[PDB]
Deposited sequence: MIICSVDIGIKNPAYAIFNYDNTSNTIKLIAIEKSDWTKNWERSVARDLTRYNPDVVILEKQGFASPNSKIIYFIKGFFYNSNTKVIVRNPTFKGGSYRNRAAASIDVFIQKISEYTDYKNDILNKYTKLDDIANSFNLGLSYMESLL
């Protein structure tokens, strides 16, 4: 089973891709990447989602130009075999949320990837990365 969580944005989208092994009840992080959806966001989203052929897609619940992406994905995976689930954002002011997410990320990712240093060196801004990672985790917590 392949899981695709997506922090949705135009200038700063991000996606985390997990592999779910129901046999071993374990979870392995495959890849988190920062994307760009400013030039033909439709084709960019289709590409980025179908790249790894996911079994389930997790979208962050958000008048914003991102609900169009939510429903574009919903229509794009409707007649397919991929389930699209929209989840709530994974307290305080809205500005504190990104800091809490980055802390939880930098402290929780080491259990899943073993590739922490290169992820931190490649991507300096950890907002959307942390958001997608925590969104995927919050979905999979309901599974186990």
| property | result |
| --- | --- |
| Stretches with no C-alpha atoms in the model, relative to the deposited sequence starting at 1 | 63-64, 93-94 |
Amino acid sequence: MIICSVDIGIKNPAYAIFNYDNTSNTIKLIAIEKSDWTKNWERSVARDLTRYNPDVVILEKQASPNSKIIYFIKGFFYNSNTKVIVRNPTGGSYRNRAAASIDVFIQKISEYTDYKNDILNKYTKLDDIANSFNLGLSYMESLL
From here on, numbers count along this sequence of modelled residues.
item: 52-60 versus 100-108 - greater average Cα B-factor per the deposited record; value: 100-108
item: Segment of higher mean CA temperature factor, 109-117 or 43-51; value: 109-117
item: CA B-factor ranking of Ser142, expressed as a third of its chain; value: highest
item: Ranked C-alpha temperature factor of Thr82 among modelled chain residues, by third; value: lowest
item: B-factor third for the C-alpha atom of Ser132 within its chain; value: lowest
item: For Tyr94, the third of its chain into which the C-alpha B factor falls; value: highest
